[PDB]
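Let's start with one chain on its own, the form deposited in one PDB entry, as structure tokens.
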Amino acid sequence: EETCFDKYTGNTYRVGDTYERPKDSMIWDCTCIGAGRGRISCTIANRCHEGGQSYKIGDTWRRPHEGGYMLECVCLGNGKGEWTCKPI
């Protein structure tokens, strides 16, 4: 019967449920903790957010060097949403 409600997903969760949440132009990994308070813990630490997009650990993507060559970027995570871009 104990639930969390997430207005960003519009869904009701049980204790221990995990889900993805859209917020602040990023995707968060959230967990319904409950604690009698609908408590939710969410994080972006295990995803990368660059150039307005959201990436998972191991994803790579391309972007022009703001020039004028392409960069290849990779999502590392390392507990702080770390990503790196270098010329290819």
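Quick note: we count residues from 1 along the sequence shown, nothing fancier.
As for the form deposited in another entry, it is not shown, yet the points below apply to it.
Requested in this report: Please indicate which of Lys23, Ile44, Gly58, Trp61 marks the hinge of the motion between this form and the one not shown, where one rigid part turns against the other.
Outcome: Hinge position among the options: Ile44.
Query raised in the report: Is the CA-CA spacing of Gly79 and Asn11 tighter or wider in that other deposited form than here, given a 3 Å or more change?
Result: Relative to the shown form, the pair is closer.
Report task. Tell me whether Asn78 and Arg21 end up closer or farther apart in that other deposited form, going by their C-alpha atoms; the shift is 3 Å or more. Result -> Relative to this form, closer in that other deposited form.
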